[PDB]
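Here is the file query-v5.txt (compact mmCIF, C-alpha atoms and all ligand atoms).
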```
# COMPACT_ATOMS: atom_id res chain seq x y z
CA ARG A 57 8.68 -3.42 -11.56
CA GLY A 58 9.17 -3.29 -7.66
CA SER A 59 12.26 -0.97 -7.40
CA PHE A 60 12.24 2.74 -8.30
CA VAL A 61 15.13 4.30 -6.42
CA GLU A 62 14.94 7.56 -8.39
CA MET A 63 11.42 8.19 -6.97
CA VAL A 64 12.02 7.27 -3.28
CA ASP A 65 11.94 10.40 -1.05
CA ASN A 66 10.53 12.62 -3.91
CA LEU A 67 7.89 14.17 -1.51
CA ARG A 68 8.43 16.99 0.95
CA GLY A 69 6.15 19.00 3.23
CA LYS A 70 5.73 20.68 6.64
CA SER A 71 3.24 19.59 9.33
CA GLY A 72 -0.13 20.99 8.60
CA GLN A 73 0.66 21.86 4.97
CA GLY A 74 0.56 18.54 3.11
CA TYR A 75 2.89 16.70 0.78
CA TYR A 76 4.23 18.09 -2.53
CA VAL A 77 6.27 16.80 -5.46
CA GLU A 78 8.45 18.87 -7.83
CA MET A 79 7.15 19.20 -11.35
CA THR A 80 8.15 21.17 -14.39
CA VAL A 81 5.73 22.88 -16.81
CA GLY A 82 6.43 24.49 -20.19
CA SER A 83 9.37 24.89 -22.56
CA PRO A 84 11.86 25.74 -21.22
CA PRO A 85 10.83 23.90 -18.06
CA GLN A 86 9.49 26.00 -15.12
CA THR A 87 9.98 24.18 -11.74
CA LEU A 88 7.01 24.31 -9.37
CA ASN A 89 6.21 22.39 -6.16
CA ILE A 90 2.76 20.75 -6.45
CA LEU A 91 0.55 19.33 -3.69
CA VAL A 92 -0.24 15.63 -4.22
CA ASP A 93 -4.05 15.32 -3.97
CA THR A 94 -5.89 12.01 -4.53
CA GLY A 95 -9.12 13.84 -3.51
CA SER A 96 -9.53 15.97 -6.75
CA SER A 97 -8.79 15.63 -10.45
CA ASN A 98 -7.54 19.01 -11.80
CA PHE A 99 -3.94 19.99 -12.26
CA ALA A 100 -4.19 23.66 -11.21
CA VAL A 101 -1.14 25.97 -10.59
CA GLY A 102 -0.82 29.59 -9.41
CA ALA A 103 -0.17 31.69 -12.57
CA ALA A 104 -0.09 35.17 -11.03
CA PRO A 105 2.05 36.93 -8.31
CA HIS A 106 -0.16 36.12 -5.27
CA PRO A 107 1.87 37.18 -2.16
CA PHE A 108 1.84 33.65 -0.56
CA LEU A 109 3.54 32.05 -3.70
CA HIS A 110 7.28 31.36 -4.04
CA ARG A 111 6.97 30.65 -7.83
CA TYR A 112 4.06 30.68 -10.36
CA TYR A 113 3.55 29.49 -13.91
CA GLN A 114 4.35 32.29 -16.43
CA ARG A 115 2.62 31.04 -19.62
CA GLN A 116 4.32 33.86 -21.62
CA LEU A 117 7.70 32.10 -21.13
CA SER A 118 6.57 28.78 -22.55
CA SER A 119 6.87 28.08 -26.28
CA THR A 120 4.68 24.97 -25.95
CA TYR A 121 1.68 26.50 -24.12
CA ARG A 122 -1.66 26.12 -25.94
CA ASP A 123 -4.66 28.10 -24.78
CA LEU A 124 -8.04 26.30 -24.54
CA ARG A 125 -9.97 29.64 -24.41
CA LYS A 126 -12.08 28.44 -21.55
CA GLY A 127 -12.27 29.61 -17.91
CA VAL A 128 -13.12 27.55 -14.83
CA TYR A 129 -14.48 28.76 -11.43
CA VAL A 130 -14.01 26.21 -8.65
CA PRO A 131 -15.47 26.79 -5.20
CA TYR A 132 -14.91 24.32 -2.30
CA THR A 133 -16.49 24.44 1.24
CA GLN A 134 -13.72 26.67 2.20
CA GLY A 135 -11.64 28.29 -0.48
CA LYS A 136 -12.14 28.88 -4.19
CA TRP A 137 -9.96 29.38 -7.21
CA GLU A 138 -10.65 30.71 -10.75
CA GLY A 139 -8.40 29.94 -13.74
CA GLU A 140 -7.86 29.79 -17.48
CA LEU A 141 -7.52 26.34 -19.06
CA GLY A 142 -4.77 25.34 -21.56
CA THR A 143 -2.28 22.48 -22.19
CA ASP A 144 1.51 22.34 -21.93
CA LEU A 145 4.41 19.88 -21.60
CA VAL A 146 4.75 18.53 -18.01
CA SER A 147 7.48 16.34 -16.39
CA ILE A 148 8.20 15.06 -12.90
CA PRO A 149 11.92 15.36 -12.42
CA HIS A 150 12.09 12.65 -9.61
CA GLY A 151 9.56 10.51 -11.53
CA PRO A 152 9.53 8.61 -14.79
CA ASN A 153 11.82 9.87 -17.51
CA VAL A 154 8.88 11.04 -19.73
CA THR A 155 7.23 14.35 -20.83
CA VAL A 156 3.52 14.68 -21.47
CA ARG A 157 1.05 17.18 -22.88
CA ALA A 158 -1.42 17.76 -20.03
CA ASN A 159 -4.26 20.05 -19.18
CA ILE A 160 -3.37 22.84 -16.77
CA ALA A 161 -5.65 25.37 -15.04
CA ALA A 162 -3.62 28.61 -14.69
CA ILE A 163 -5.04 29.99 -11.46
CA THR A 164 -5.57 33.77 -11.85
CA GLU A 165 -7.64 34.45 -8.67
CA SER A 166 -7.97 32.48 -5.36
CA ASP A 167 -9.42 32.89 -1.84
CA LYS A 168 -8.42 30.73 1.19
CA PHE A 169 -6.78 28.27 -1.12
CA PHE A 170 -2.96 28.80 -0.90
CA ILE A 171 -1.35 28.51 2.57
CA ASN A 172 0.75 31.48 3.78
CA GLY A 173 4.12 29.96 4.57
CA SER A 174 3.85 26.74 2.51
CA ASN A 175 6.26 25.79 -0.19
CA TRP A 176 3.81 24.59 -2.87
CA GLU A 177 2.04 26.65 -5.52
CA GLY A 178 -0.40 24.31 -7.25
CA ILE A 179 -2.26 20.99 -6.83
CA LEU A 180 -1.95 17.72 -8.75
CA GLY A 181 -5.48 16.11 -8.68
CA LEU A 182 -4.86 12.36 -9.09
CA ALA A 183 -8.48 11.19 -9.03
CA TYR A 184 -10.71 10.49 -12.04
CA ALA A 185 -12.30 12.59 -14.81
CA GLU A 186 -15.81 12.26 -13.36
CA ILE A 187 -15.02 14.96 -10.71
CA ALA A 188 -12.80 17.12 -12.93
CA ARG A 189 -13.89 20.75 -13.32
CA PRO A 190 -15.60 22.04 -15.34
CA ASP A 191 -16.67 18.54 -16.55
CA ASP A 192 -15.36 15.04 -17.37
CA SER A 193 -14.05 15.99 -20.77
CA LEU A 194 -11.03 17.72 -19.12
CA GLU A 195 -8.70 14.72 -18.98
CA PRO A 196 -6.78 14.57 -15.61
CA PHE A 197 -2.99 14.50 -15.54
CA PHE A 198 -2.55 10.84 -14.68
CA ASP A 199 -4.89 9.78 -17.50
CA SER A 200 -2.80 11.84 -19.99
CA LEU A 201 0.43 10.34 -18.58
CA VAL A 202 -0.82 6.77 -19.07
CA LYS A 203 -2.36 7.48 -22.59
CA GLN A 204 0.74 9.10 -23.88
CA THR A 205 3.56 6.91 -22.48
CA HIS A 206 4.28 3.33 -21.39
CA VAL A 207 4.00 4.21 -17.68
CA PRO A 208 1.79 1.48 -16.03
CA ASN A 209 -1.63 2.68 -14.83
CA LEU A 210 -0.90 2.76 -11.07
CA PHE A 211 0.94 4.89 -8.49
CA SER A 212 1.70 4.44 -4.87
CA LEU A 213 2.09 6.90 -1.94
CA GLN A 214 4.14 6.56 1.22
CA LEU A 215 3.35 9.70 3.42
CA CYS A 216 5.82 9.91 6.34
CA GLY A 217 4.45 12.22 9.05
CA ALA A 218 6.28 14.40 11.57
CA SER A 230 9.46 18.57 8.05
CA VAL A 231 7.51 15.63 6.55
CA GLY A 232 8.46 13.66 3.44
CA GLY A 233 7.65 10.44 1.66
CA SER A 234 7.52 8.89 -1.81
CA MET A 235 5.16 8.88 -4.74
CA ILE A 236 6.15 5.96 -6.99
CA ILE A 237 4.67 6.64 -10.37
CA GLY A 238 3.94 3.50 -12.53
CA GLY A 239 4.78 0.94 -9.86
CA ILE A 240 5.51 -0.12 -6.38
CA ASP A 241 8.74 -0.15 -4.34
CA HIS A 242 8.84 -3.07 -1.93
CA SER A 243 11.34 -1.25 0.35
CA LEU A 244 8.61 1.21 1.39
CA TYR A 245 6.45 -1.32 3.32
CA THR A 246 6.63 -4.42 5.50
CA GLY A 247 4.39 -7.52 5.49
CA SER A 248 1.77 -7.98 2.77
CA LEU A 249 -0.34 -5.58 0.71
CA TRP A 250 -4.13 -6.18 1.15
CA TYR A 251 -6.45 -4.77 -1.51
CA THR A 252 -9.94 -3.16 -1.35
CA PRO A 253 -12.01 -2.56 -4.53
CA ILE A 254 -12.44 0.95 -5.90
CA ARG A 255 -16.25 1.08 -5.79
CA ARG A 256 -16.56 3.66 -8.47
CA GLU A 257 -13.96 5.67 -10.44
CA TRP A 258 -14.63 9.31 -9.43
CA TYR A 259 -13.00 9.90 -6.05
CA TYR A 260 -10.99 6.82 -4.93
CA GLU A 261 -14.12 5.57 -3.24
CA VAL A 262 -13.91 2.41 -0.97
CA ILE A 263 -16.30 0.66 1.40
CA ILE A 264 -15.67 0.35 5.17
CA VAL A 265 -17.42 -2.61 6.64
CA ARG A 266 -16.67 -2.44 10.34
CA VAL A 267 -15.07 -0.03 12.81
CA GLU A 268 -13.40 -0.81 16.12
CA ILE A 269 -11.88 1.32 18.91
CA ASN A 270 -9.27 -0.68 20.78
CA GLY A 271 -10.76 -3.87 19.36
CA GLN A 272 -14.34 -2.97 20.42
CA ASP A 273 -16.77 -2.87 17.53
CA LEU A 274 -18.90 0.29 17.32
CA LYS A 275 -21.74 -1.99 16.04
CA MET A 276 -23.38 0.59 13.80
CA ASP A 277 -25.28 -0.37 10.66
CA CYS A 278 -22.23 -0.41 8.29
CA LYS A 279 -23.99 1.82 5.74
CA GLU A 280 -23.52 4.66 8.31
CA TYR A 281 -19.73 4.24 7.79
CA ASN A 282 -20.04 5.07 4.09
CA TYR A 283 -22.83 7.71 4.17
CA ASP A 284 -22.81 9.10 1.46
CA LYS A 285 -19.27 7.70 0.45
CA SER A 286 -15.85 6.90 1.87
CA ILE A 287 -12.71 8.04 0.03
CA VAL A 288 -8.93 7.96 0.30
CA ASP A 289 -7.70 11.62 0.09
CA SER A 290 -4.06 12.73 0.45
CA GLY A 291 -5.24 16.40 0.21
CA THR A 292 -7.07 16.33 3.59
CA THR A 293 -5.28 16.04 6.90
CA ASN A 294 -7.94 14.47 9.14
CA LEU A 295 -9.77 11.19 9.35
CA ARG A 296 -13.20 12.63 8.76
CA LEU A 297 -16.22 10.47 9.78
CA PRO A 298 -20.01 10.90 9.03
CA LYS A 299 -21.53 12.76 11.96
CA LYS A 300 -23.38 9.82 13.48
CA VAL A 301 -20.24 7.65 13.28
CA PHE A 302 -18.09 10.47 14.63
CA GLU A 303 -20.44 10.73 17.67
CA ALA A 304 -20.14 6.99 18.45
CA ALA A 305 -16.37 6.91 17.80
CA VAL A 306 -15.64 9.90 20.07
CA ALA A 307 -17.89 8.50 22.82
CA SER A 308 -15.90 5.30 22.53
CA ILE A 309 -12.43 7.00 22.41
CA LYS A 310 -13.33 9.22 25.46
CA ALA A 311 -14.30 6.11 27.37
CA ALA A 312 -11.04 4.24 26.44
CA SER A 313 -8.83 7.28 27.48
CA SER A 314 -10.95 8.17 30.51
CA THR A 315 -8.01 7.97 33.02
CA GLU A 316 -7.29 11.53 31.80
CA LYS A 317 -10.13 14.11 31.40
CA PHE A 318 -9.91 16.59 28.51
CA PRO A 319 -12.12 19.61 27.79
CA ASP A 320 -15.08 18.76 25.43
CA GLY A 321 -13.77 21.39 22.94
CA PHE A 322 -10.65 19.20 22.55
CA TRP A 323 -12.70 16.33 21.01
CA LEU A 324 -14.37 18.81 18.63
CA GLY A 325 -11.03 20.11 17.39
CA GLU A 326 -11.92 23.57 18.94
CA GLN A 327 -8.92 23.60 21.30
CA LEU A 328 -5.46 22.00 21.59
CA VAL A 329 -4.20 19.85 24.40
CA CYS A 330 -0.57 20.20 25.68
CA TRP A 331 1.76 18.10 27.80
CA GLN A 332 5.23 18.81 29.30
CA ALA A 333 7.70 17.85 26.48
CA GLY A 334 8.69 14.14 26.06
CA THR A 335 5.74 13.03 28.28
CA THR A 336 2.80 12.48 25.82
CA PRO A 337 0.72 9.66 27.42
CA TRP A 338 0.32 7.72 24.05
CA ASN A 339 -0.73 4.61 25.96
CA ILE A 340 -3.97 6.02 27.36
CA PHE A 341 -5.28 6.62 23.84
CA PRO A 342 -6.85 3.67 21.91
CA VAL A 343 -6.00 2.32 18.46
CA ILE A 344 -8.55 2.73 15.63
CA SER A 345 -9.32 -0.01 13.14
CA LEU A 346 -11.22 0.25 9.87
CA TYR A 347 -12.16 -3.06 8.16
CA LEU A 348 -12.33 -2.57 4.41
CA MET A 349 -14.16 -4.70 1.86
CA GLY A 350 -11.71 -7.32 0.51
CA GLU A 351 -11.14 -8.78 -2.96
CA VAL A 352 -13.09 -11.97 -2.27
CA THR A 353 -16.83 -12.43 -1.45
CA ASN A 354 -17.38 -12.32 2.35
CA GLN A 355 -13.69 -11.50 2.97
CA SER A 356 -12.32 -8.30 4.54
CA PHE A 357 -9.06 -7.02 6.07
CA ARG A 358 -8.36 -4.42 8.67
CA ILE A 359 -6.09 -1.43 8.96
CA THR A 360 -5.22 -0.09 12.40
CA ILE A 361 -3.75 3.31 13.29
CA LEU A 362 -2.30 4.76 16.48
CA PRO A 363 -2.75 8.00 18.46
CA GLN A 364 0.57 9.02 16.85
CA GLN A 365 -1.46 9.38 13.62
CA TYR A 366 -4.64 10.97 14.92
CA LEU A 367 -3.13 13.38 17.57
CA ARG A 368 -1.30 15.87 15.32
CA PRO A 369 1.61 17.94 16.69
CA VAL A 370 1.01 21.71 16.47
CA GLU A 371 4.43 23.41 16.85
CA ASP A 372 3.46 26.95 15.72
CA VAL A 373 1.69 27.68 19.01
CA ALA A 374 3.47 30.99 19.76
CA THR A 375 1.42 31.32 23.04
CA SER A 376 2.84 28.09 24.63
CA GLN A 377 6.14 26.31 25.74
CA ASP A 378 4.92 22.64 25.78
CA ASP A 379 4.07 19.86 23.22
CA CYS A 380 0.56 20.74 21.91
CA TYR A 381 -1.64 18.43 19.88
CA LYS A 382 -4.83 18.74 17.89
CA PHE A 383 -7.41 15.89 17.78
CA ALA A 384 -7.59 15.10 14.09
CA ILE A 385 -10.69 12.86 13.77
CA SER A 386 -13.59 15.15 12.88
CA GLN A 387 -17.21 15.06 11.82
CA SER A 388 -18.12 15.20 8.14
CA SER A 389 -21.21 15.76 6.00
CA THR A 390 -19.50 14.45 2.90
CA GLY A 391 -18.74 10.83 3.95
CA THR A 392 -15.67 9.31 5.49
CA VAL A 393 -12.40 10.91 4.34
CA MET A 394 -9.31 8.77 4.94
CA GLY A 395 -6.93 11.75 4.89
CA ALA A 396 -3.27 11.89 5.97
CA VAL A 397 -4.24 10.60 9.52
CA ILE A 398 -4.95 7.20 7.87
CA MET A 399 -2.39 7.35 5.00
CA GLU A 400 0.60 8.13 7.18
CA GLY A 401 0.25 4.60 8.77
CA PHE A 402 0.52 2.85 5.37
CA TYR A 403 2.00 2.42 2.01
CA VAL A 404 -1.05 2.97 -0.26
CA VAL A 405 -1.14 1.57 -3.76
CA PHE A 406 -3.67 3.21 -6.20
CA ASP A 407 -3.89 0.24 -8.56
CA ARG A 408 -6.12 1.96 -11.16
CA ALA A 409 -5.46 -0.81 -13.73
CA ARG A 410 -7.20 -3.36 -11.49
CA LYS A 411 -9.65 -0.84 -9.81
CA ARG A 412 -8.39 -1.51 -6.32
CA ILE A 413 -6.42 0.17 -3.49
CA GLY A 414 -3.68 -1.73 -1.59
CA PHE A 415 -2.60 -1.04 1.93
CA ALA A 416 0.49 -2.34 3.72
CA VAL A 417 2.24 -1.19 6.93
CA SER A 418 4.47 1.72 6.04
CA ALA A 419 8.18 1.24 6.64
CA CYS A 420 8.35 4.96 7.77
CA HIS A 421 5.23 5.26 9.98
CA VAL A 422 5.54 6.93 13.45
CA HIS A 423 4.93 4.49 16.33
CA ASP A 424 6.44 3.41 19.66
CA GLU A 425 7.93 0.39 21.46
CA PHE A 426 4.43 -1.02 22.44
CA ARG A 427 2.23 -0.56 19.36
CA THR A 428 2.53 -0.31 15.58
CA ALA A 429 0.17 0.43 12.68
CA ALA A 430 -1.10 -2.92 11.22
CA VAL A 431 -2.78 -4.39 8.12
CA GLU A 432 -4.25 -7.88 8.93
CA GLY A 433 -6.54 -10.39 7.19
CA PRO A 434 -8.40 -12.23 6.08
CA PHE A 435 -11.55 -11.79 8.20
CA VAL A 436 -14.97 -13.18 7.47
CA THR A 437 -17.49 -10.35 7.01
CA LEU A 438 -20.95 -10.95 5.59
CA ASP A 439 -23.35 -8.54 3.80
CA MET A 440 -20.49 -6.17 2.93
CA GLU A 441 -22.38 -5.03 -0.29
CA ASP A 442 -25.13 -3.56 1.99
CA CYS A 443 -22.48 -1.20 3.48
CA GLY A 444 -22.37 0.88 0.29
CA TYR A 445 -24.71 3.90 0.15
CA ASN A 446 -26.64 4.45 -3.15
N1 LIG B 1 -1.49 16.08 5.67
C1 LIG B 1 -1.95 16.92 5.04
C2 LIG B 1 -2.53 17.99 4.27
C3 LIG B 1 -2.47 19.34 4.78
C4 LIG B 1 -2.96 20.40 4.00
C5 LIG B 1 -3.58 20.04 2.78
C6 LIG B 1 -4.20 21.06 1.93
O1 LIG B 1 -4.04 22.25 2.17
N2 LIG B 1 -5.01 20.60 0.93
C7 LIG B 1 -5.80 21.33 0.02
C8 LIG B 1 -5.76 22.78 -0.03
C9 LIG B 1 -6.70 23.44 -0.86
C10 LIG B 1 -7.61 22.65 -1.57
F1 LIG B 1 -8.55 23.25 -2.33
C11 LIG B 1 -7.67 21.20 -1.47
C12 LIG B 1 -8.67 20.42 -2.31
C13 LIG B 1 -8.40 20.68 -3.83
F2 LIG B 1 -9.40 19.97 -4.59
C14 LIG B 1 -10.18 20.57 -1.86
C15 LIG B 1 -10.27 19.94 -0.48
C16 LIG B 1 -11.77 20.05 0.00
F3 LIG B 1 -12.58 19.42 -0.87
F4 LIG B 1 -11.78 19.41 1.18
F5 LIG B 1 -12.01 21.40 0.14
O2 LIG B 1 -9.92 18.52 -0.57
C17 LIG B 1 -9.00 18.13 -1.44
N3 LIG B 1 -8.69 16.77 -1.36
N4 LIG B 1 -8.39 19.00 -2.23
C18 LIG B 1 -6.73 20.54 -0.68
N5 LIG B 1 -3.58 18.76 2.33
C19 LIG B 1 -3.14 17.73 3.07
NA NA B 2 0.23 3.73 -22.02
NA NA B 3 8.47 -5.04 1.85
```

Structure translated into structure tokens:
Amino acid sequence: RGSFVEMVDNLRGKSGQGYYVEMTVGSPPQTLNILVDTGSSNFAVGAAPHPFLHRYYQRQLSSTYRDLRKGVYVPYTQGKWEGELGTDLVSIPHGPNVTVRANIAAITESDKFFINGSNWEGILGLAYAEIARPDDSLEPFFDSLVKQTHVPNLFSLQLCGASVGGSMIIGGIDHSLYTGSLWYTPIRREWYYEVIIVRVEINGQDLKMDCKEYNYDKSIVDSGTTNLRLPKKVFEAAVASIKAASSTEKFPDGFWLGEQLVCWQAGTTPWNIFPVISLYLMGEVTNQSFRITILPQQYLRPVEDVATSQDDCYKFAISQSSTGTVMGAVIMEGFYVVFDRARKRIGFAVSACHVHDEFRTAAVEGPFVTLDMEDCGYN
């Protein structure tokens, strides 16, 4: 408990392309890099020579592969993949010293799913069976891991933004990865890691919306999405408020919509004109909340691959959503996040690796008194 040196720094990535862990599949073991995704629940790996893939699962080479004789077709808003379901032996080399028999979707066809240039070739869905495809009888990886071993039913993620890196501690927490205290919010329902946001402030100024708007139709914590995505009506109020707070510089409207980049002369980003963003989350106790605060260093994302420019260019990474709030890597890179599935709750603490400056830091503070927090959930 509390110290897992073998798992520290077991994540890698590049800006824009997410965080992956090494895994092995099959006998003898085939090494693959796998995107860590708390926003889905399938373990799905490229299993054919798509041109974007460094490596892919070759079932023919595994003596322990078992075919389930069942296909799956999985479309998302953008992107889709199709695969053939089976089971095989899976390990995490920089993870617990265990091997488990897990479901795997061998991806045989995909569109807009793999990233050209990335170094990962499958996804590890860490959420619950309820959103597994094709249905909840396909047990997710982490459920198999916990049923089949003595690994405790929890994992924690420290995502260190811009090469990016970080740690996924499987079966515990490592107290060297955060400072101050962990504060916990209840998992409202086990499907996504759904939570309830009870208040939102921009530089300490409350947006004063009906709090159900913050969770319409849900709010989730999702390592497989880059942005902080907010329900449209909340996005509108938040942007209006951020524009006001930064109004000593004027930016094109398209910037706030994520339709164009903004660039400054190198080493001169005016961090201090941009406000901090605070989300208050439902706490463990009746009428008690806590708040997490992030900086422009989290929500203004560096874009380095801008071949048509010399300067430091950034994308605004808070965007409008029609699927609820998504606390993607913009939120998670401020914090050490504990997915305490055994107690159905999510812990946040200030990350020991988060990007900040001499004036401001990411923060996790409580307790606050917040009434009617159960009305903030959408049914
Ligand atoms: N930081 C960062 C960062 C950068 C890139 C990325 C990245 O490419 N993710 C990725 C790629 C294809 C994918 F199909 C998905 C999916 C898989 F289920 C669907 C996606 C949705 F539902 F939104 F389509 O939401 C989530 N949660 N997972 C995620 N992830 C994180
Ligand atoms: Na167990
Ligand atoms: Na600590």

Item to check | Within 8 Å of ligand NA 3 (chain B), counting all atoms listed in the file, residues as a count of residues only | outcome: 9

Item to check | Given 12 Å and all atoms listed in the file, residues near ligand NA 2 (chain B) as a PyMOL selection string | outcome: chain A and resi 154+156+198-210+238+409

Checklist entry - For residue 155 of chain A, which residue among A:230, A:446, A:418, A:80 is the nearest when counting all atoms listed in the file? => result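 Smallest separation from residue 155 of chain A among the options: A:80.
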
Checklist entry - Could you name the residues that touch segment 62-71 of chain A at 8 Å or less, counting all atoms listed in the file, but leaving out those on the same chain fewer than 3 positions away, as a list in words? => result residues 74, 75, 76, 77, 78, 150, 151, 174, 175, 217, 218, 230, 231, 232, 233, 234, 235, 236, 237, 369 and 370 of chain A

Item to check | Computed interatomic separation between atom CA of residue 443 of chain A and atom CA of residue 264 of chain A (Å) | outcome: 7.2 Å

Using all atoms listed in the file, what does the table of segment 169-290 of chain A residues within 10 Å of segment 312-326 of chain A look like, with each row giving the shortest atom pair and its distance in Å to one decimal, sorted by chain and ascending number, as a Markdown table?
```
| residue | atom | partner | partner_atom | distance |
| --- | --- | --- | --- | --- |
| A:269 | CA | A:312 | CA | 8.1 |
| A:270 | CA | A:312 | CA | 7.7 |
| A:272 | CA | A:312 | CA | 10.0 |
```

Next on the checklist: Show me, as an MDAnalysis selection string, the residues that have an atom within 6 Å of residue 346 of chain A when counting only C-alpha atoms, minus same-chain residues fewer than 3 positions from it.
Outcome noted: chainID A and resid 267 358:359

Next on the checklist: Neighbours of ligand LIG 1 (chain B) at 6 Å or closer, counting only C-alpha atoms and all ligand atoms: which residues, as an MDAnalysis selection string?
Outcome noted: chainID A and resid 72:74 93 95:96 132:134 169 289:293 396

Checklist entry - So which one's closest to residue 259 of chain A, A:184, A:137, A:211, A:281? Using all atoms listed in the file, please. => result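 Of the candidates, the smallest distance to residue 259 of chain A is held by A:184.
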
Taking every listed atom of segment 405-419 of chain A and adding 3 Å to each side, what centre and edge lengths in Å (one decimal) does the axis-aligned box have, as lines of an AutoDock Vina configuration file?
```
center_x = -0.7
center_y = -0.1
center_z = -3.4
size_x = 23.8
size_y = 12.6
size_z = 26.7
```

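A straight line drawn from atom CA of residue 193 of chain A to atom CA of residue 260 of chain A is 18.6 Å long.
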
Checklist outcome for this item: Taken to one decimal, the atom CA of residue 286 of chain A-atom CA of residue 128 of chain A distance is 26.7 Å

Item to check | Neighbour list for residue 158 of chain A as a PyMOL selection string, cut-off 7 Å, all atoms listed in the file, skip fewer than 4 positions in-chain | outcome: chain A and resi 143-146+197+200

Next, dump the selected residues to file, keeping only C-alpha atoms, as an mmCIF file, in the frame of the given file.
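Written output follows (part23.cif):
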```
data_model
loop_
_atom_site.group_PDB
_atom_site.id
_atom_site.type_symbol
_atom_site.label_atom_id
_atom_site.label_comp_id
_atom_site.auth_asym_id
_atom_site.auth_seq_id
_atom_site.Cartn_x
_atom_site.Cartn_y
_atom_site.Cartn_z
ATOM 1 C CA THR A 143 -2.280 22.480 -22.190
ATOM 2 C CA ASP A 144 1.510 22.340 -21.930
ATOM 3 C CA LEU A 145 4.410 19.880 -21.600
ATOM 4 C CA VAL A 146 4.750 18.530 -18.010
ATOM 5 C CA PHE A 197 -2.990 14.500 -15.540
ATOM 6 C CA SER A 200 -2.800 11.840 -19.990
#
```

Next on the checklist: Counting all atoms listed in the file, which residue out of A:302, A:338, A:357, A:445 sits closest to residue 282 of chain A?
Outcome noted: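 Distance minimum relative to residue 282 of chain A lands on A:445.
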
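Minimum distance to residue 404 of chain A across A:239, A:334, A:149, A:434 (counting only C-alpha atoms) occurs at A:239.
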
Checklist entry - Skipping near chain neighbours, those fewer than 4 positions away, what residues fall within 8 Å of residue 301 of chain A using all atoms listed in the file, listed as a list in words? => result residues 276, 280, 281, 297 and 305 of chain A

Next on the checklist: Quick one: residues within 9 Å of residue 398 of chain A, all atoms listed in the file, excluding same-chain residues fewer than 5 positions away - as a list in words?
Outcome noted: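 Listed by chain and then number, they are residues 288, 293, 294, 295, 359, 360, 361, 365 and 366 of chain A.
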
Prev. selection, C-alpha atoms, output as a PDB file, in the frame of the given file:
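What landed in part.pdb:
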```pdb
ATOM      1  CA  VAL A 288      -8.930   7.960   0.300  1.00  0.00           C
ATOM      2  CA  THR A 293      -5.280  16.040   6.900  1.00  0.00           C
ATOM      3  CA  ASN A 294      -7.940  14.470   9.140  1.00  0.00           C
ATOM      4  CA  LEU A 295      -9.770  11.190   9.350  1.00  0.00           C
ATOM      5  CA  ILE A 359      -6.090  -1.430   8.960  1.00  0.00           C
ATOM      6  CA  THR A 360      -5.220  -0.090  12.400  1.00  0.00           C
ATOM      7  CA  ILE A 361      -3.750   3.310  13.290  1.00  0.00           C
ATOM      8  CA  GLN A 365      -1.460   9.380  13.620  1.00  0.00           C
ATOM      9  CA  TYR A 366      -4.640  10.970  14.920  1.00  0.00           C
TER      10      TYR A 366
END
```
